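First comes the structure, then the notes that go with it.
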Amino acid sequence: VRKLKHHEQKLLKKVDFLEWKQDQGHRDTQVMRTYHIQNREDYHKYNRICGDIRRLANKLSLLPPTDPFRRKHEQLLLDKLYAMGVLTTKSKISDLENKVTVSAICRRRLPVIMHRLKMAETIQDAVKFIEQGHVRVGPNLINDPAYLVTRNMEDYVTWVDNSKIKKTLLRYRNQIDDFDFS
Amino acid sequence: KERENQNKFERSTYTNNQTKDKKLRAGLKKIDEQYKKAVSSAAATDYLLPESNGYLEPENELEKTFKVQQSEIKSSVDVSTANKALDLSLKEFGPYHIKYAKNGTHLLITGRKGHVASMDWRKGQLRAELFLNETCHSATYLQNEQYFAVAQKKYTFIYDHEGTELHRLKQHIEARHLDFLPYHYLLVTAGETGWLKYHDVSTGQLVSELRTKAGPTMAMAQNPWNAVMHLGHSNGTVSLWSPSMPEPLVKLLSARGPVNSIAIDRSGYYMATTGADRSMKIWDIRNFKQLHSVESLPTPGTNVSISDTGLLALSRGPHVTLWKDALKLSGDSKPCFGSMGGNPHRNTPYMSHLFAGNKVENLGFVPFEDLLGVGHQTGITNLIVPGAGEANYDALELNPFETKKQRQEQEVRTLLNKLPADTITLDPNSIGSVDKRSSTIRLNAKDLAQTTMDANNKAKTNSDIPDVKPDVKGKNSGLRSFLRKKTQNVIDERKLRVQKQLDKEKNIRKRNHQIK
Amino acid sequence: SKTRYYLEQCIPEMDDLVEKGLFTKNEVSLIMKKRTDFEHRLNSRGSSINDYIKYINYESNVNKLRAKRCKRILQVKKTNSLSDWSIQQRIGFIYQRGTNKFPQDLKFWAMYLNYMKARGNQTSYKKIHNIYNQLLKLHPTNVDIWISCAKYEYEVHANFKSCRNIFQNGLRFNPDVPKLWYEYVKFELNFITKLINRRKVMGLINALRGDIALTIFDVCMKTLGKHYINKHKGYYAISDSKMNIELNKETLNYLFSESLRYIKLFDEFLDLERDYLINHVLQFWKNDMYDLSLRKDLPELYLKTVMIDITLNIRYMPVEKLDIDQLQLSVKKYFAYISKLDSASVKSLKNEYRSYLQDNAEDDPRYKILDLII
Amino acid sequence: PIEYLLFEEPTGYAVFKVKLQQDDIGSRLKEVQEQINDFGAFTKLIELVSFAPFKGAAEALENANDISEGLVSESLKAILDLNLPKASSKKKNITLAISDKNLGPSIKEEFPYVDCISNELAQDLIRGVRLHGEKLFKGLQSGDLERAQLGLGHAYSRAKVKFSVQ
Amino acid sequence: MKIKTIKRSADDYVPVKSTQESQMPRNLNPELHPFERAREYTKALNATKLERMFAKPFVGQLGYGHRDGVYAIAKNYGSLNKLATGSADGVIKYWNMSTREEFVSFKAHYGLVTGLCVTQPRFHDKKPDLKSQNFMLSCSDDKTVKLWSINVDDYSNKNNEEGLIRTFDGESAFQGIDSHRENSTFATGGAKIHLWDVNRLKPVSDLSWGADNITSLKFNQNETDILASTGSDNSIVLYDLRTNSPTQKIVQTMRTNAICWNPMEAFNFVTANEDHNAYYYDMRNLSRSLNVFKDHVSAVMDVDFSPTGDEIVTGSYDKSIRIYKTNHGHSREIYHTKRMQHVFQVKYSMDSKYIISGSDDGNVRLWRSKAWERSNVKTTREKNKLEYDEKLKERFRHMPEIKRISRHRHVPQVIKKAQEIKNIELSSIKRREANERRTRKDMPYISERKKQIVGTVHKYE
RNA sequence: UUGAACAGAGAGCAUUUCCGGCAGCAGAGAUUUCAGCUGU
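Residue numbers (the entry's author numbering), protein chains in the order written: chain 5F, 2 to 183; chain 5C, 13 to 29, 36 to 534; chain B6, 2 to 207, 264 to 417, 424 to 437; chain 3D, 3 to 168; chain 5I, 1 to 159, 168 to 469.
Structure representation (structure tokens):
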């Protein structure tokens, strides 16, 4: 912590007060900084599900390469994860080990969907807006940031009517019709 | 040269249950002269000791000492100590587990709800106030005020000086008790799982996982002398543990029911354990005798603590009660609650206090000052306990006035002389010695030749066989115990000549019986 | 740390001082915490000779309290154990440490010398010699240390050989201040006066002259003149002959004023041949000084030396029998001066008349003297 | 053995006493070469025993010319005769470390019991006391040494060139 | 009720003025300082590890070496840094070891210069100028002993006819030379050992036991009139110069390459011989060595004592040198280099801190006797730390974890393989002699310290 | 290599030669300390 001299750094090399090997390079912290994750245990709650997908993918690739059970369940899991939005392509089954990843499950969260739909300028702005209760999917208002938005369910991410944000974008283009409140 | 206080500075040694070498004789004579000179000159430092310990003394027979009030102490003592006797009223988060740094400079409080605050309690400087909204249980500093470990809902977390999270420990699954071993740099962890985990803070490496095998760990304390961990279980059993042996070093049967709290003296000699059977028990640690058994407390003692000058602070809910000279051998030092008719041979409380609103969570003496910090349901309260602190610290072990540069260099130096976790034994003086195998006389290779000679001639002299003796009640004759302890189906030449010498013994016993 | 070493060097004397039942443990802990304060201030950074001085004053005060408590408790004046010299030895070592650290304040060096001399029979004069040797080594140019060294070894020990060696070594180092010259001629006159008085005393019970003082007087004039002509006109001799003769005149004025002070404090040694010992300085000043003190300027100095040579027998009391013997010598002196001088003639006449009138029934013989010097 | 050290400087003469010898064989090594830069270890080698200051700039210029052309002046004779012990002239002379190999013969011409050393050990001892300067002297001189250096350099140069102000 | 608490007061613990250091109160209670064995065990382990990383013993080679391998070296016992070395091609050189550069070189002879030493030549007509001239003399196999003077810049007292002031002459070759430490005398071994003085051009006395030649020579350092010599009949002969005669000889198994006398004990010497070990002998009893220094793997070429008399240095024909504590009998240290071949000469400098080795590729190299030890002057904090660490390594010396670290060196491949086959050979002969002793009746237990003397004239009673 | 007288150093080593005991008395310096004779 004091920038050890040469004899000290030679004499105690494995000493590190910040980065440990159980930390795994602080990647929970790293991807929760990237996608602005509030609570500490969401990374590991997603890591359990990525481990489920990859455990099944291992145990399913250990079946013989031609039997219809392996082919049906590999294709069925691939279709389910593409439809949910974690996987970005349902083509190859090496996605079920390589491209299945806590960052993919985190890119499917509601503020990241928002920021990619240009509905907020950054992920922290999207977090603030859906905490303030501006965003509804479908009819019903969504209030928490961790909400996972599937591919067919991202067509209905809008703002609530009577939103001040909806009002100011309509009045920026002065398409505001005050009959329907915005 | 005489030095009335030498036996504090003396050092025990090995005994057998003189020499002809001239050079070795004079070397041992120089060694004994140097040991005597070193003990005498080290014991003459008590002149150089700057301060004197505190006290309070009754000066009357109507003036008992347990009925002296904290406001009366704060009026009778100086303004600096009266300002050290702090009181934080933190009502909304839960009962506050208290913890002090090993020099008394920093305080670390944890609410049960989420509120963990590390602070310089004697200035007005807090340096971490973090609200971790899951139920925290305990915390401790590591080697400094610069890092602290908190035991949260499940995982133990480690935070830096300003409160940023450094580590989430994926092991240490449900801690309720954390304690740091400062000479070994080990964070020790126990809790609702029946497991005890030693984690090296410097390297970052989980040193030991030990099955307690006795359910959740109800209490936990560290021997400051030899760094073994006394855990108290729901059996009424204390067990002394080291990170080398996967079994407890010792298991003591302290109480009935569970064991609510354990405290160890800093000399490593006495241990006070409170059980849930309303029983405080003072234990000898070195010889494992039970010194005192104060049974039928009015309500179960939820905490015990032992100061640096040997006070005993027991806490039974609202009440805190301190006894002076209770950790002694004689039966006149058994801690009583009243003196039946004014008996001078009854250890009445040295002082007591009642936290009338609440139930205290834990106790901890402030290290080098005369205070007892008790953390309770509505925050923190320091109590001015006058006999309760080492007045003369050593400033190169741990210094209450240490600066930033001194903290930096002392951190690097103690990190450099970190003791390995394998050197933790029940006695600290057992890592210079020889094995308790490997014969106590050193061997001069003439007797090695003699040993290989009788190993060659174990046959036809039967030196590895019990000797023939007829008069030894031949149902327990040694040779038949050999024959019975051996497996009864294989046949080797050793057991053949034991059978031969056994028939010889039976025939000699037969003829001795016949002539008798 | 070395404060730890010094503090635990202090413990056997208080072992002994608790065993001899004069101090108690609670008061000796108080003197140890005060001494801890002082030792830490001594051998830490930012140290001061006032820290040394206050430590010496504290140790002398606890020594005086120890002596008072010994006389009141044990009713002896020393316990002849460790605790009656250890504290004076401590004071001497604090002085030695201070003079090794700050060897620049002569106040502290002289406090060391004063305490070491006043320690009495218990100290050693070779121990005073050692600190005189190292002090004179560090300050060879400071001249009062040479005077004090020689004064200690003559006015206390009466060691004439070593005192002569000290004065000759000091005059080797700084042969430029006249104060060391005057104290050397003072020492030589004191030594020859003690020599002839022990001769007179051995006569009254039962060759070697002031020519030593005259020879050191001669080299005093020569080397003081040389060092003033080298001190002024400092860097080079870039000065024309007007400035060279102005300089040489001024060095004659300087040197002759010092010899005027020499005779002025030379007259009071009246137990040797004071007439001869003043007349030899008169004849040493009478000769030529290479820039015409008589035949040119410093004629006022020539008149001063003529007045001195006139009154050199008339240095007498109002009992003027010597005047009635040899006032014709003063008359011939005034005649020989007024045979050449022009305004110094009237000046010397009026001055000798005023001097004889100021210095000299009894007014009727003084009326004869007034008629003589009228 | 390099027992004493003579440092000449514009304020006067200094005699130092060598406490600890530096290494002879390891004299080119890195630690021995930078212990004369560290002051905390140079004060383990050198201790000041005497400093005779000059009488002024006139005696300073006289002694600067005498030191320049390699002669023992009278102030040198005084300070060396005060400080150096009366050793023998035939067996174990006292050893003085100078910086001038043609000032050495003038020192043995006056004190035959003194052998003079100016080789690389005496040279780096001398440049150690030159590198530290005012710190070794413990406060005992009048006048800043660089101010006396400016005055003495200008005086020496004008003397050597015969600078006339007419 | 009287009452008193801890009044810390802050004037005694944090200082008033900022320029001065903080007070460090001590309290020597073992309660305050708990792990007193483990803490200094770890300090002794960190001291052994710090020594094994600070061990940088090679100082430097001096000059450019010679052309044909250094076979003779002599220090002068009065100056610290001066060293004379001679090679196989007859060139000798005088060295300043401070600057690592030669004062002078000399084409001294035509053959090998087989010996050289240094002198203070007591002429009784001239006076030796030892403050500006150094003197080295040197014998070769071309039947000549030559005496040379060297211009030396060590004092600056003076301001000159340097080389070859005289030429002693023998009829047969010479093989060793050593000078008496007084009285103008030296001795040369060769076909026969002669005594000489620097005035006469012929030997004063021939002091030879028999008609068997002499390979080496050393004079004693105190009791300076006792000589010792090694003859090629595996013989070690002592001579006395009061009686002007030989004194006693012993015959060993193999040939003694060198001797050096103990400079602090005056009757002990160490021989360095061709079975690969050194023998520490007492002059008053040559029937047993009083030590054997065993760790070399080829023939030991040269030995020398520390001037403290406490350790020896020992260079051998396996291209490595070894330093031995005098009371142990195994090597404290081994120095090797891929560039160093066949170290034929080793001296121990008069500082007792450096070790000069002359190899046979040409080079003369300086080493530190203590590898981890630096030669700066030390403040008292680092000096106290260093001697605390020395005492701590001393009292934990035999713990297995620090013994395996302090015992460790990197030895070359050839010496390591010779060492392990030497181990299995010695273990095999101990097995076979244990069997033979189990059977046979009267097998005497001969000591290791006697196992190498085949005989001794003037038997001991 | 020894001897002699001389000049010294404070840098070593003994031992019972005296003192660090008491007064009477004069002397010394700034009321405390300092300096010698007649006996205990």
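Ideal Cβ positions, reconstructed from N, Cα and C, are used throughout, including at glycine.
Using 7 Å as the cut-off, classify the Cβ of residue i as near or not near the heavy atoms of the ligand FMN, replying yes or no.
i: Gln-61 (chain 5I); result: Ligands displayed in this structure: none; no statement on the ligand FMN is therefore possible.
Kindly indicate the opening and closing residues of the beta strand (DSSP E) around residue i.
i: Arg-347 (chain 5I); result: Counting along the chain, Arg-347 (chain 5I) falls outside any beta strand (DSSP E), and DSSP gives it neither H nor E.
i: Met-136 (chain 5I); result: 133-140
Since residue i sits in a beta bridge, which residues does DSSP pair it with?
i: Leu-43 (chain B6); result: Paired residue(s): none; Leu-43 (chain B6) is not in a bridge.
i: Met-238 (chain 5C); result: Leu-249 (chain 5C)
i: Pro-128 (chain 5I); result: Looking at the DSSP assignment, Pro-128 (chain 5I) forms no beta bridge with any residue, so it has no partner.
i: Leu-246 (chain 5I); result: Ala-236 (chain 5I), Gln-256 (chain 5I)
Could you list which residues in chain 5I have their beta carbon closer than 8 Å to that of residue i, in chain order?
i: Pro-107 (chain 3D); result: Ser-156, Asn-157, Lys-158, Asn-159
In the DSSP assignment, find the alpha helix (DSSP H) that holds residue i and state where it starts and stops.
i: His-116 (chain 5F); result: 111-117
i: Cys-150 (chain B6); result: 145-156
i: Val-32 (chain 5F); result: 28-35
i: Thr-4 (chain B6); result: 3-10
i: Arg-515 (chain 5C); result: 511-533
i: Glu-112 (chain 3D); result: 106-112
I need the straight-line Cα distance from residue i to residue j, nearest angstrom please.
i: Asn-530 (chain 5C); j: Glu-511 (chain 5C); result: 28 Å
i: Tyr-311 (chain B6); j: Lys-321 (chain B6); result: 15 Å
i: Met-33 (chain 5F); j: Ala-167 (chain 5C); result: 22 Å
i: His-416 (chain 5I); j: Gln-125 (chain 5F); result: 60 Å
i: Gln-76 (chain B6); j: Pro-13 (chain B6); result: 23 Å
i: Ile-454 (chain 5I); j: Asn-443 (chain 5I); result: 16 Å
i: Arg-52 (chain 5I); j: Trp-380 (chain 5I); result: 7 Å
List the residues of chain 5I that residue i touches, going by C-beta distances under 7 Å, in chain order.
i: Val-34 (chain 3D); result: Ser-383, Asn-384
i: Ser-2 (chain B6); result: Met-24
Who are the neighbours of residue i on chain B6, taking C-beta pairs under 9 Å?
i: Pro-55 (chain 3D); result: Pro-141, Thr-142
i: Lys-7 (chain 5I); result: Per Cβ cutoff of 9 Å: no residues; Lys-7 (chain 5I) is ~12 Å from chain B6 at best.
Identify the contact partners of residue i in chain 5C, using a Cβ-Cβ distance below 8 Å as the criterion.
i: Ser-87 (chain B6); result: Here the premise fails: no neighbours, minimum Cβ distance about 14 Å.
Using a Cβ cut-off of 8 Å, pull out every chain 5F residue sitting near residue i, in sequence order please.
i: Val-430 (chain 5C); result: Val-2, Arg-3, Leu-5, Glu-9
Taking residue i as the query, report the chain 5F residues whose CB atoms sit under 7 Å from its CB, ordered along the chain.
i: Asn-76 (chain 5I); result: Here the premise fails: no neighbours, minimum Cβ distance about 38 Å.
Counting only Cβ pairs nearer than 9 Å, list the residues of chain 3D close to residue i.
i: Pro-104 (chain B6); result: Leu-50, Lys-140, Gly-141, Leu-142
Going along chain 5I in order, which residues have a C-beta closer than 9 Å to the C-beta of residue i?
i: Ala-413 (chain 5C); result: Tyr-13, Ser-22, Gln-23, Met-24, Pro-25, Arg-26, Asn-27
Name the chain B6 residues that come within less than 8 Å of residue i, Cβ to Cβ?
i: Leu-66 (chain 5C); result: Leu-8, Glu-9, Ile-12, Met-33, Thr-37
In chain 5C, which residues lie less than 9 Å from residue i when you measure between Cβ atoms?
i: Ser-45 (chain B6); result: What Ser-45 (chain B6) touches in chain 5C: nothing, since even the nearest Cβ is about 14 Å away.
* To do: Please go through the region 35-70 of chain 3D and give each complete alpha helix (DSSP H) segment of 4 or more residues, from N-terminal end onward.
  => Within the region 35-70 of chain 3D, the alpha helix (DSSP H) runs of at least 4 residues that lie entirely inside it are, in chain order, 41-44, 59-70.
* To do: Tell me the start and end of each unbroken beta strand (DSSP E) in the region 112-170 of chain 5F that is at least 3 residues and wholly inside, in chain order.
  => Uninterrupted beta strand (DSSP E) stretches at least 3 residues long and entirely within the region 112-170 of chain 5F occur at 136-138, 158-160, given in chain order.
* Sequence ranges, beta strand (DSSP E) only - wholly within the region 124-168 of chain 5C, length at least 3 -> Whole beta strand (DSSP E) segments, 3+ residues: 125-128, 133-138, 143-149, 156-159.
* Which whole runs of the alpha helix (DSSP H) in the region 424-454 of chain 5I are 4 residues long or more, in chain order? -> Entirely contained in the region 424-454 of chain 5I, not one alpha helix (DSSP H) run reaches 4 residues.
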